[PDB]
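Heads up, the thing below is written out as structure tokens.
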Amino acid sequence: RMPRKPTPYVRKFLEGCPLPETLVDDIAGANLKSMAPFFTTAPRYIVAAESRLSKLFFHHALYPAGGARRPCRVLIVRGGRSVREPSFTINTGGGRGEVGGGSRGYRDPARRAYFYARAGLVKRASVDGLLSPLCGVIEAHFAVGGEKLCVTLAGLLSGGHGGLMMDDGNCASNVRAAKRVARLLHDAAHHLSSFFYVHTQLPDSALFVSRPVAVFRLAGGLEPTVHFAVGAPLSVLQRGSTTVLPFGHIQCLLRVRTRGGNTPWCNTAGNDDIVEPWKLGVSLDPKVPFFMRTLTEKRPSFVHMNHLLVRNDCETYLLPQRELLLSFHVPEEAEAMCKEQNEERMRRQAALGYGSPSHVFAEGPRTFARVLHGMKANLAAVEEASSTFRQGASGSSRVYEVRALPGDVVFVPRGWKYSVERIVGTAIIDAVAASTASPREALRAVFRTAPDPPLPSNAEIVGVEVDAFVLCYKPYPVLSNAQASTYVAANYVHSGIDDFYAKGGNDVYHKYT
Amino acid sequence: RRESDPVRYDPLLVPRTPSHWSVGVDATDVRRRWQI
Amino acid sequence: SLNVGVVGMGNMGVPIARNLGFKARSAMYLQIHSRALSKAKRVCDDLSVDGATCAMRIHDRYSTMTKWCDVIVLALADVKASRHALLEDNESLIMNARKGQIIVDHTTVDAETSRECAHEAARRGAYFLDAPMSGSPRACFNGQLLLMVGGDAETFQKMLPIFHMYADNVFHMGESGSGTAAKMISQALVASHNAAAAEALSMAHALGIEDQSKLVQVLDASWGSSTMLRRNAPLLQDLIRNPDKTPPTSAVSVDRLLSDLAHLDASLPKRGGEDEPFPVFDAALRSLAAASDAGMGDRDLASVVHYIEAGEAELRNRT
Amino acid sequence: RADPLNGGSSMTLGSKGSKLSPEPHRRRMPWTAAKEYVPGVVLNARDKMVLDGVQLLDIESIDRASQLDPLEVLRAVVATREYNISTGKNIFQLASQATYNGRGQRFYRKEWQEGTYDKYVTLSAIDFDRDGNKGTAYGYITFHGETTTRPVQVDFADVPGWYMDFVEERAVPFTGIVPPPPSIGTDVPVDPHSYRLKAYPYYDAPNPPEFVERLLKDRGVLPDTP
Amino acid sequence: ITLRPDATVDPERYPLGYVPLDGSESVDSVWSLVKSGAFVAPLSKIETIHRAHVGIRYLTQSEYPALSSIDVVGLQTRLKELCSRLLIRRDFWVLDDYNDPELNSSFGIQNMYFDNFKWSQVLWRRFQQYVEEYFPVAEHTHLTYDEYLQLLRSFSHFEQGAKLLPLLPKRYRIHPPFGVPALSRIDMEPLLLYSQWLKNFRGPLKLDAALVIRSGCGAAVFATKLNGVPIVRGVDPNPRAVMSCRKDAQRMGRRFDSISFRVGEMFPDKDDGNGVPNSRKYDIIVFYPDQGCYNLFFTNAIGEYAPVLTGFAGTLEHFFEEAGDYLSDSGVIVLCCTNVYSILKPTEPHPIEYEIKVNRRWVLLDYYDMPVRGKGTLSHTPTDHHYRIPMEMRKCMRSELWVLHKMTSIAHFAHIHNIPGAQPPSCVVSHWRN
Amino acid sequence: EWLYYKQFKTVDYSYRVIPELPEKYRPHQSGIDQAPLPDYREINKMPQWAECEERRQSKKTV
RNA sequence: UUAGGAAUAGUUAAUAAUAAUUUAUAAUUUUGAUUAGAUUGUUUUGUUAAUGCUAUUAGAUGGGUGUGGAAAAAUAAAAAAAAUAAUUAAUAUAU
Ligand SMILES: [Mg+2]
């Protein structure tokens, strides 16, 4: 037993609430026990913990236990980027053995904090420090006539499309890759300084050869990897006799500037010359006095090109290099699949006529149908809250705006559209002045983390920045009706995942023959 | 050690402290420390 | 890995490139640039005929050196050549710098030149380190040099295995502009301790001490000990006891010290308000300047024992 | 015990060895008997990089819509054979392509003939199951000339890495019984020109000079330098 | 807080103004509801809103990481906005895991503070009446979960004590009623450096009448009586903190007898000229100001006819002006800061150095600093969310200590500035004159 | 190797494999009513290459 | 051991009886039982002139798994755990 000091009073027996392990398993994505129906299209945020996220948990994050057919969710993983060193064999020593293979992820984070003690200049880190020479050797390949730079940009588009959706009939790939850049330069001719975003393969300057048979390595000495990425990486055929590209699965998200015709700065602004509408009564002081909102850059004015980066042939892993805002436009197939799955589960499990109450969470005996209707209504409220409805050309779909940081992993499924914007800083809006006017006049303190934009027919290529690294993987299999009817997650808590992604889907008669 | 009455040893069983090594701490590498 | 490119081949430039060719066992790529392409071809042939374990490239312009090498190391002759190569050229290394590049300057330059280089490299996105080298050319050949690196801390930690190939003592002074000041302070202390040792041995001859071999053994165990006192004393004994004897020519000269000490008064702030906020520094500078114009500039630093009183000559007459 | 290493010596637990006796240390676990084992991780895992671009088909799937082109079927059979051969050769894969199921021939592992190790198995009987790459093999074990009296089960007969040289004089038909190969000391007279012993008891192989150089460089006796 | 459903997000699907939880959806699904402006209250159990409270505060710090000084001010503004949406109902006794009288099991932070048998039998009723004083069931139909957690911690301070370790020797406990900010481990060390300073400088400086400004829970007042100061008097603008501190001085034995607590804004009254209270002059005036993330950043000048500064700099200039009217000659002021004004606001100049060099009303007699040894919340306002200090901010913070005396009292402290190892200014060497 | 063995719920980190058992490990409790019936009329249709080879045989036989 | 002292039982013995279809005038208890309460014990503590009074923190644990020689198994700064990992010293932990 333990030595305890005797007291003449009663003893306190605490049942004190700890940090719930199920909570950190759901946050880290390593639960493997949550049966959740009503598949939705809202994105999932996962905070990557130390040694808590692997391919085993990420496979269940893609295909949950409810019997899903397709990974129709964008998965944001905070701090999940990994960095791999090149591996080599040792000729000397007692024998032959290969070392050097190691992951720098989860221990060396991006954007180290700068706290120090002594319009206003602050010290910050806006770019990823590990992959910064690797982005530098890509940005210097486009540094400079203008036509040579235009055909360099047209020759480095990934797959000839670069993510852009443009109608092209009776045209080869090498002419289409030039027509897309010609359309971008014709569209960006009216503005004095604008930008566009493309997907780009790694150039020849970023890959150097090593003699030992033939080894290709990156210029910075570091490889941006995702250790929890499932399946096989995308194999890109080299054209120039078709062989494999040595780093074709690693691509770049280039922001290209057009010409036509680590020190943030903060300023506190003032003004010269009903507050809480959610509260019933009036208060002597507001309960929340100030709001904080994310500051994004300006989009130039707008027929108009689509300007949406869609990867229809690969699964996308975005590793951002700067603070970005990604506006995801949902395809019709994902929302149609979620709608038919939710309505199928509602008509199967809830056969009751439901009584038709006023709202879903009303007074009455909470039957199984009422629980299902309440969960479906809360899922619809989550979908309506975290998204917006935009216009198309005629078209309207859900748009999810996602704040992506350097060091994160943004899994984008195939067929999902997204536009990329750059986050410039952080503003503070007081709730008193914002009740009478727009929040642009209610700005109190504004931190500008991006002091970027300078101010020195067709359009000219000015510069090239690497905003994100695009890891392209082979398209993950879509389950059929019989495959999803027999898919049990408890058969995949240990093994069978590499067989799930190598072979098409899962076996229909898996483990019950 | 043996080459090619004191008891001689084998040069492979008793190695002879090879000369490419360097001396880190010798007996002359001390200093006096007075305390009371 | 990272590619390494060494720019500048002179009396001190070539053993750094030789040690980079020796120690890098086909792990870091080597590129060679100089003021002339014939000198770069000559030093590449000299590295090739004695045994090269890694591949090396020869270049005539800085553009391929920027687009190929991530780490650039410069060891040039004078401050004007470094200002021409780093900033004043059209194909400059810093004005055309890549983001993530690391440019190290081993030339003994001013503080404003290092400030402008670090500022324009931070504007381009690269990392500039100033690390002026101190040592002998044969000490550089054997791998012993003193480096005072100023710049970023993580850039200094990335450059430690490269600096350890040709230098044993590599210290981090801190922010850029403080690495180039350490050599100025060190050579100012060298001149001050040399003048102090010369006047101490002059006073030793004045007091009538005949045994100097036991005097330096006393002075080295005292609080007035210095390495320059151990260095100059057997020469200063012959230079004081035989004043008609000319001092012998050495490697380090009076003009070699004065070329670095002429950077310090330009690197220092305004002194004209008080006209002397550094007494013993200018007291040594006047003795070195009186030893320079008298014909003993190329000779040893112990030649100032004959011009101790002449350093008083610009003190009595200028006041 | 029956056979301890260096007798009873317990200054360290490593002086006893990694196993205290050749017999199993508990009676309830007979699988813990000391025997020569085989690296089945590298051997049983065949290279899947030969099946890429090749459409394999399941056994049960005999519907018409899932059938493939006969040229694609033939290249699938060639790729499946190359996948089964890619690591090594099995006993059941070598005996199927031999006359009389290879009865009487000498099978041997790769490391059974190098160094001072000399051991083979004269095959006596093989029972193929329906999966013909597996089964149960039997044979007379010959180690340094001495031979067993009865056929023993060939351990690790399913793991690839086996070799044989087919000799027509050793082939025994299914009508007759495979005779035991003779012990060179007991049955046939000893001849030094026919068989000479590579190793014997109280014999150890001499030190190779490259191993001596490697150990003296690792210990620091020889001046190893880049 | 009583919600107004007409100004909410979805008044048709949710006519009550909030989205009930039912404990089924994930944490990031609730976090997406709160970020869009929808109120969240539990349907059945307190565990559903407790799991939504911890995870949203963890997900918000991952989206807005504390990378510099401007990122902590934005994170504190974002966490104050989101945690106000996480509500709990006013009648929390109708929820399932509030108490179980038969199994003696309950969920919540009251199991960390109280016994199982004591809560489920008698203390669930005493806590029900404890909330009714501050938040009545009539005026409030919902409570913020941060206010519900603070009411459970303040009920612990009402029921049992609160030890101030290592400031008080293990038996002296205070009882802050509600709305009185207690001290964490980081808030203790500026008073731990002061207690060691007062242990050594009492008698060489002859300190007898101490005055403590903005006592709060009274921790700075009780620390002076431990070091031997006979006459201590505390000034606190909170009236309920004054009644509780003088009741704890009776509970803490017979060695806290000359302790006084009055209600005043910053200083005592000093209004009557006929009663003459000016004869009571203090020889040591202590100030331990609070430094919140919203108050350290928005320091600026306001006022036309009475121009005054706001925030932490305006609180210091109130202390730096009126301290001379209450100080005796040969008396000092003691300021206990924690160096967050220079860390969270590094662009603005030093506010304590602005008084010494520019205003020239006080002379720096002594200065000490000590690095932070522990972790926890720093200057926590009670009914708001908890925010522990990150590692990169914790390693640069230092517990400071400023000792200043009057500009007119140079000639008394002149021999203190003449000792070796001291820093006399240029004005006190001209007044010494050998 | 330790990062592979960390992802299981072993208590002593003893290089075992202990899988997690969720609350629903069978398809019938996941909402699936019965076993899926394959369409035997659709899977027994002749593929397109077989139809093209039948057309080529009818062309080359006549 | 109980300030207000009475009944107890999967029950005792025999047995060609593992695994009790039988036999008996069966067994515990007023020399204090069973149950209820308090409850690890222990010339190790304290005191005194004291064979007195007063304290205690070695431990164990019939349904978690018939595995294992032995359940003691859901967690312990060492008890170094099958190649000399290290065996100069001090912090041996925070880190
Ligand atoms: Mg009987």
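Quick note on naming: the chains in the structure tokens go A, B, ... in the order shown, residues restart at 1 in each chain, and ligands are numbered from 1 in order of appearance.
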
Can you tell me, as a PDB file with C-alpha atoms, in the first residue's frame, what residues are no more than 12 Å from residue 203 of chain C when counting only C-alpha atoms (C1' of nucleotides), ignoring any on the same chain fewer than 4 positions away?
ATOM      1  CA  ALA C 196      53.395  48.394 -25.135  1.00  0.00           C
ATOM      2  CA  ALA C 197      55.928  45.549 -25.377  1.00  0.00           C
ATOM      3  CA  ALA C 198      58.368  47.747 -27.319  1.00  0.00           C
ATOM      4  CA  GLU C 199      58.163  50.525 -24.729  1.00  0.00           C
ATOM      5  CA  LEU C 207      66.649  50.584 -16.095  1.00  0.00           C
ATOM      6  CA  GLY C 208      69.738  48.465 -16.786  1.00  0.00           C
ATOM      7  CA  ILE C 209      68.383  44.911 -16.810  1.00  0.00           C
ATOM      8  CA  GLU C 210      70.927  42.758 -18.636  1.00  0.00           C
ATOM      9  CA  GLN C 212      65.983  39.594 -20.817  1.00  0.00           C
ATOM     10  CA  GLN C 237      66.421  42.675 -27.634  1.00  0.00           C
ATOM     11  CA  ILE C 240      67.414  47.777 -28.839  1.00  0.00           C
ATOM     12  CA  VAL C 305      60.868  50.543 -31.129  1.00  0.00           C
ATOM     13  CA  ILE C 308      58.513  55.458 -30.099  1.00  0.00           C
TER      14      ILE C 308
END

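Using only C-alpha atoms (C1' of nucleotides), the protein and nucleic acid residues lying no more than 10 Å from segment 19-22 of chain B, apart from those fewer than 4 places from it along its own chain, are residues 220, 221, 222, 223 and 224 of chain D.
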
Selected residues written out, N, CA and C atoms, as a PDB file, in the first residue's frame:
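Saved the output as part-v1.pdb:
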ATOM      1  N   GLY D 220      40.383  -0.208 -34.482  1.00  0.00           N
ATOM      2  CA  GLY D 220      41.300   0.908 -34.434  1.00  0.00           C
ATOM      3  C   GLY D 220      42.765   0.544 -34.453  1.00  0.00           C
ATOM      4  N   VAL D 221      43.102  -0.722 -34.695  1.00  0.00           N
ATOM      5  CA  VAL D 221      44.502  -1.133 -34.720  1.00  0.00           C
ATOM      6  C   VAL D 221      45.171  -0.684 -36.012  1.00  0.00           C
ATOM      7  N   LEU D 222      44.498  -0.879 -37.143  1.00  0.00           N
ATOM      8  CA  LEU D 222      45.046  -0.404 -38.406  1.00  0.00           C
ATOM      9  C   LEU D 222      44.571   1.020 -38.687  1.00  0.00           C
ATOM     10  N   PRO D 223      45.436   1.873 -39.248  1.00  0.00           N
ATOM     11  CA  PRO D 223      45.053   3.275 -39.468  1.00  0.00           C
ATOM     12  C   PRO D 223      44.057   3.467 -40.602  1.00  0.00           C
ATOM     13  N   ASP D 224      42.777   3.248 -40.313  1.00  0.00           N
ATOM     14  CA  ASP D 224      41.724   3.566 -41.266  1.00  0.00           C
ATOM     15  C   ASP D 224      41.578   5.079 -41.379  1.00  0.00           C
TER      16      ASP D 224
END

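Considering only C-alpha atoms (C1' of nucleotides) and all ligand atoms, every residue of the polymer chains approaching ligand 1 to 8 Å or closer is listed here: residues 14, 15, 22 and 23 of chain G.
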
Selection file, N, CA, C and O atoms (P, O5', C5', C4', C3', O3' and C1' of nucleotides), as a PDB file, in the first residue's frame:
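Result file follows (selection_30.pdb):
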ATOM      1  P     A G  14     -13.390 -39.063  10.224  1.00  0.00           P
ATOM      2  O5'   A G  14     -14.271 -40.370   9.983  1.00  0.00           O
ATOM      3  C5'   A G  14     -14.228 -41.461  10.893  1.00  0.00           C
ATOM      4  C4'   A G  14     -15.354 -42.439  10.658  1.00  0.00           C
ATOM      5  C3'   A G  14     -15.278 -43.255   9.383  1.00  0.00           C
ATOM      6  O3'   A G  14     -14.375 -44.341   9.484  1.00  0.00           O
ATOM      7  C1'   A G  14     -17.496 -42.486   9.718  1.00  0.00           C
ATOM      8  P     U G  15     -13.199 -44.522   8.407  1.00  0.00           P
ATOM      9  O5'   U G  15     -13.958 -44.959   7.080  1.00  0.00           O
ATOM     10  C5'   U G  15     -14.811 -46.094   7.061  1.00  0.00           C
ATOM     11  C4'   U G  15     -15.785 -46.016   5.916  1.00  0.00           C
ATOM     12  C3'   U G  15     -15.161 -45.811   4.548  1.00  0.00           C
ATOM     13  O3'   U G  15     -14.657 -47.007   3.982  1.00  0.00           O
ATOM     14  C1'   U G  15     -16.972 -44.316   4.819  1.00  0.00           C
ATOM     15  P     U G  22     -29.336 -40.869   1.342  1.00  0.00           P
ATOM     16  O5'   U G  22     -28.554 -42.137   1.902  1.00  0.00           O
ATOM     17  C5'   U G  22     -29.193 -43.399   2.025  1.00  0.00           C
ATOM     18  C4'   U G  22     -28.342 -44.366   2.805  1.00  0.00           C
ATOM     19  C3'   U G  22     -28.155 -44.040   4.276  1.00  0.00           C
ATOM     20  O3'   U G  22     -29.228 -44.534   5.058  1.00  0.00           O
ATOM     21  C1'   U G  22     -26.069 -44.622   3.289  1.00  0.00           C
ATOM     22  P     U G  23     -29.694 -43.772   6.389  1.00  0.00           P
ATOM     23  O5'   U G  23     -28.549 -44.108   7.440  1.00  0.00           O
ATOM     24  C5'   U G  23     -28.327 -45.439   7.880  1.00  0.00           C
ATOM     25  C4'   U G  23     -27.123 -45.506   8.778  1.00  0.00           C
ATOM     26  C3'   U G  23     -27.175 -44.584   9.979  1.00  0.00           C
ATOM     27  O3'   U G  23     -27.936 -45.120  11.042  1.00  0.00           O
ATOM     28  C1'   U G  23     -25.069 -44.388   8.920  1.00  0.00           C
TER      29        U G  23
END

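Using only C-alpha atoms (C1' of nucleotides), the protein and nucleic acid residues lying no more than 12 Å from residue 35 of chain G, apart from those fewer than 2 places from it along its own chain, are residues 6, 7, 8, 9, 33 and 37 of chain G.
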
Selected residues written out with N, CA, C and O atoms (P, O5', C5', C4', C3', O3' and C1' of nucleotides), as a PDB file, in the first residue's frame:
ATOM      1  P     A G   6     -28.077 -11.496  25.875  1.00  0.00           P
ATOM      2  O5'   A G   6     -28.191 -12.541  24.684  1.00  0.00           O
ATOM      3  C5'   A G   6     -28.641 -12.140  23.396  1.00  0.00           C
ATOM      4  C4'   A G   6     -28.694 -13.301  22.430  1.00  0.00           C
ATOM      5  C3'   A G   6     -29.743 -14.366  22.722  1.00  0.00           C
ATOM      6  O3'   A G   6     -30.202 -14.885  21.480  1.00  0.00           O
ATOM      7  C1'   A G   6     -27.575 -15.339  22.809  1.00  0.00           C
ATOM      8  P     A G   7     -31.745 -15.262  21.253  1.00  0.00           P
ATOM      9  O5'   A G   7     -31.738 -16.848  21.084  1.00  0.00           O
ATOM     10  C5'   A G   7     -31.452 -17.457  19.828  1.00  0.00           C
ATOM     11  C4'   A G   7     -29.977 -17.400  19.517  1.00  0.00           C
ATOM     12  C3'   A G   7     -29.507 -18.063  18.238  1.00  0.00           C
ATOM     13  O3'   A G   7     -29.755 -17.275  17.089  1.00  0.00           O
ATOM     14  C1'   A G   7     -28.037 -18.609  20.005  1.00  0.00           C
ATOM     15  P     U G   8     -30.023 -17.972  15.668  1.00  0.00           P
ATOM     16  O5'   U G   8     -28.614 -18.591  15.262  1.00  0.00           O
ATOM     17  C5'   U G   8     -27.534 -17.746  14.901  1.00  0.00           C
ATOM     18  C4'   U G   8     -26.346 -18.539  14.424  1.00  0.00           C
ATOM     19  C3'   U G   8     -26.620 -19.562  13.341  1.00  0.00           C
ATOM     20  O3'   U G   8     -26.739 -18.984  12.060  1.00  0.00           O
ATOM     21  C1'   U G   8     -25.214 -20.506  14.985  1.00  0.00           C
ATOM     22  P     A G   9     -27.743 -19.607  10.977  1.00  0.00           P
ATOM     23  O5'   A G   9     -26.805 -20.547  10.101  1.00  0.00           O
ATOM     24  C5'   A G   9     -25.493 -20.133   9.738  1.00  0.00           C
ATOM     25  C4'   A G   9     -24.549 -21.304   9.602  1.00  0.00           C
ATOM     26  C3'   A G   9     -24.793 -22.206   8.398  1.00  0.00           C
ATOM     27  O3'   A G   9     -23.549 -22.698   7.909  1.00  0.00           O
ATOM     28  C1'   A G   9     -25.024 -23.462  10.396  1.00  0.00           C
ATOM     29  P     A G  33     -17.051 -14.783  21.490  1.00  0.00           P
ATOM     30  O5'   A G  33     -17.238 -15.666  20.182  1.00  0.00           O
ATOM     31  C5'   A G  33     -16.683 -16.969  20.099  1.00  0.00           C
ATOM     32  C4'   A G  33     -17.601 -17.901  19.355  1.00  0.00           C
ATOM     33  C3'   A G  33     -18.183 -17.349  18.064  1.00  0.00           C
ATOM     34  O3'   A G  33     -17.294 -17.500  16.971  1.00  0.00           O
ATOM     35  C1'   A G  33     -19.903 -18.340  19.361  1.00  0.00           C
ATOM     36  P     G G  37     -20.922  -3.922   9.711  1.00  0.00           P
ATOM     37  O5'   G G  37     -20.363  -2.995  10.875  1.00  0.00           O
ATOM     38  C5'   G G  37     -21.069  -1.834  11.286  1.00  0.00           C
ATOM     39  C4'   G G  37     -20.448  -1.230  12.516  1.00  0.00           C
ATOM     40  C3'   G G  37     -18.957  -0.958  12.425  1.00  0.00           C
ATOM     41  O3'   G G  37     -18.672   0.262  11.766  1.00  0.00           O
ATOM     42  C1'   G G  37     -19.456  -2.025  14.481  1.00  0.00           C
TER      43        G G  37
END

Return as a tab-separated table the residues of chain D lying at most 6 Å from chain F, together with the closest atom-to-atom pair for each and the distance in Å to one decimal, counting only C-alpha atoms, with rows in chain order and ascending residue number.
residue	atom	partner	partner_atom	distance
D:63	CA	F:44	CA	5.4
D:64	CA	F:44	CA	4.7
D:65	CA	F:47	CA	5.1

Show me which bits of chain G are within 12 Å of chain D, counting only C-alpha atoms (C1' of nucleotides), as an NGL selection string.
:G and (67-69 or 80-84)

Selection above as a file: C-alpha atoms (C1' of nucleotides), as a PDB file, in the first residue's frame:
ATOM      1  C1'   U G  67      -1.925 -19.715 -20.253  1.00  0.00           C
ATOM      2  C1'   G G  68       2.250 -20.629 -17.183  1.00  0.00           C
ATOM      3  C1'   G G  69       6.525 -24.098 -12.738  1.00  0.00           C
ATOM      4  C1'   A G  80      20.667  -4.208 -16.663  1.00  0.00           C
ATOM      5  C1'   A G  81      16.628  -8.017 -19.356  1.00  0.00           C
ATOM      6  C1'   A G  82      20.435 -14.324 -23.318  1.00  0.00           C
ATOM      7  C1'   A G  83      27.435  -9.961 -28.492  1.00  0.00           C
ATOM      8  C1'   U G  84      31.744  -5.925 -22.862  1.00  0.00           C
TER       9        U G  84
END

Identify, on the basis of only C-alpha atoms (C1' of nucleotides), every residue whose closest approach to residue 405 of chain A does not exceed 7 Å; exclude the query and any residue fewer than 4 positions from it along the same chain; express the result as a PDB file with N, CA, C and O atoms, in the first residue's frame.
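File around.pdb, as written:
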ATOM      1  N   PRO A 320       1.156  24.108 -47.984  1.00  0.00           N
ATOM      2  CA  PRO A 320       1.311  25.545 -48.230  1.00  0.00           C
ATOM      3  C   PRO A 320       2.655  26.069 -47.754  1.00  0.00           C
ATOM      4  O   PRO A 320       3.218  25.605 -46.760  1.00  0.00           O
ATOM      5  N   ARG A 322       2.922  29.650 -47.723  1.00  0.00           N
ATOM      6  CA  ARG A 322       2.491  30.905 -47.129  1.00  0.00           C
ATOM      7  C   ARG A 322       1.081  30.728 -46.582  1.00  0.00           C
ATOM      8  O   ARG A 322       0.443  29.690 -46.776  1.00  0.00           O
ATOM      9  N   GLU A 323       0.598  31.751 -45.882  1.00  0.00           N
ATOM     10  CA  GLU A 323      -0.771  31.744 -45.381  1.00  0.00           C
ATOM     11  C   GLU A 323      -1.728  31.942 -46.548  1.00  0.00           C
ATOM     12  O   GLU A 323      -1.725  32.996 -47.191  1.00  0.00           O
ATOM     13  N   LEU A 324      -2.544  30.932 -46.830  1.00  0.00           N
ATOM     14  CA  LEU A 324      -3.429  30.947 -47.982  1.00  0.00           C
ATOM     15  C   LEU A 324      -4.876  30.763 -47.546  1.00  0.00           C
ATOM     16  O   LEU A 324      -5.160  30.206 -46.483  1.00  0.00           O
TER      17      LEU A 324
END

Listing only residues of chain F within 12 Å of chain A, what is the closest atom pair and its distance in Å (to one decimal) for each, using only C-alpha atoms, sorted by chain and residue number ascending, as CSV?
residue,atom,partner,partner_atom,distance
F:1,CA,A:102,CA,11.8
F:2,CA,A:51,CA,9.7
F:3,CA,A:51,CA,6.6
F:4,CA,A:54,CA,8.4
F:5,CA,A:51,CA,10.3
F:6,CA,A:51,CA,7.3
F:7,CA,A:52,CA,6.7
F:8,CA,A:494,CA,8.5
F:9,CA,A:30,CA,11.1
F:16,CA,A:494,CA,11.6
F:17,CA,A:494,CA,7.9
F:18,CA,A:494,CA,8.3
F:19,CA,A:493,CA,5.9
F:20,CA,A:493,CA,6.2
F:21,CA,A:490,CA,6.5
F:22,CA,A:33,CA,4.2
F:23,CA,A:33,CA,6.4
F:24,CA,A:35,CA,7.3
F:25,CA,A:490,CA,5.3
F:26,CA,A:488,CA,6.6
F:27,CA,A:486,CA,6.1
F:28,CA,A:486,CA,9.2
F:29,CA,A:66,CA,10.2
F:30,CA,A:66,CA,6.6
F:31,CA,A:349,CA,7.4
F:32,CA,A:485,CA,6.1
F:33,CA,A:485,CA,9.0
F:34,CA,A:485,CA,8.8
F:35,CA,A:485,CA,7.7
F:36,CA,A:482,CA,5.5
F:37,CA,A:482,CA,7.9
F:38,CA,A:482,CA,7.8
F:39,CA,A:482,CA,10.5

Output file for the residues above (C-alpha atoms, as a JSON list (two decimals), in the first residue's frame):
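Dumped everything to part-v1.json:
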[["chain", "number", "residue", "atom", "x", "y", "z"],
["F", 1, "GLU", "CA", 9.83, 0.38, -36.42],
["F", 2, "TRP", "CA", 8.82, 1.96, -33.11],
["F", 3, "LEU", "CA", 6.60, 4.44, -34.98],
["F", 4, "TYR", "CA", 4.85, 1.47, -36.60],
["F", 5, "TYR", "CA", 4.39, -0.28, -33.26],
["F", 6, "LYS", "CA", 3.26, 2.92, -31.48],
["F", 7, "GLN", "CA", -0.05, 3.11, -33.38],
["F", 8, "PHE", "CA", -1.51, 0.11, -31.50],
["F", 9, "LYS", "CA", -2.93, 0.05, -27.98],
["F", 16, "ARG", "CA", 2.90, -6.72, -30.02],
["F", 17, "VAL", "CA", -0.05, -5.94, -32.30],
["F", 18, "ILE", "CA", -3.33, -5.29, -30.47],
["F", 19, "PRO", "CA", -6.10, -4.09, -32.82],
["F", 20, "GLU", "CA", -8.85, -1.70, -31.83],
["F", 21, "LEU", "CA", -12.36, -3.14, -31.70],
["F", 22, "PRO", "CA", -15.07, -0.61, -32.69],
["F", 23, "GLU", "CA", -18.67, -0.78, -31.51],
["F", 24, "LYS", "CA", -19.99, -2.13, -34.84],
["F", 25, "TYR", "CA", -17.90, -4.85, -36.49],
["F", 26, "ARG", "CA", -20.61, -6.50, -38.63],
["F", 27, "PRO", "CA", -22.38, -5.27, -41.77],
["F", 28, "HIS", "CA", -25.90, -6.07, -40.53],
["F", 29, "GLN", "CA", -25.63, -3.53, -37.69],
["F", 30, "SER", "CA", -24.25, -0.88, -40.06],
["F", 31, "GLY", "CA", -27.65, -0.53, -41.75],
["F", 32, "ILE", "CA", -27.03, -3.11, -44.49],
["F", 33, "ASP", "CA", -30.13, -5.29, -44.51],
["F", 34, "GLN", "CA", -28.89, -8.42, -46.29],
["F", 35, "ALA", "CA", -26.06, -9.71, -48.46],
["F", 36, "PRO", "CA", -25.75, -7.95, -51.85],
["F", 37, "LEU", "CA", -27.17, -9.89, -54.78],
["F", 38, "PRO", "CA", -25.00, -9.63, -57.92],
["F", 39, "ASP", "CA", -26.80, -8.97, -61.20]]

Show me, as a ChimeraX atom specification, the residues that have an atom within 12 Å of residue 117 of chain C when counting only C-alpha atoms (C1' of nucleotides), minus same-chain residues fewer than 4 positions from it.
/C:82-88,92-95,97,103-105,109-113,121-130,150-151,176-177
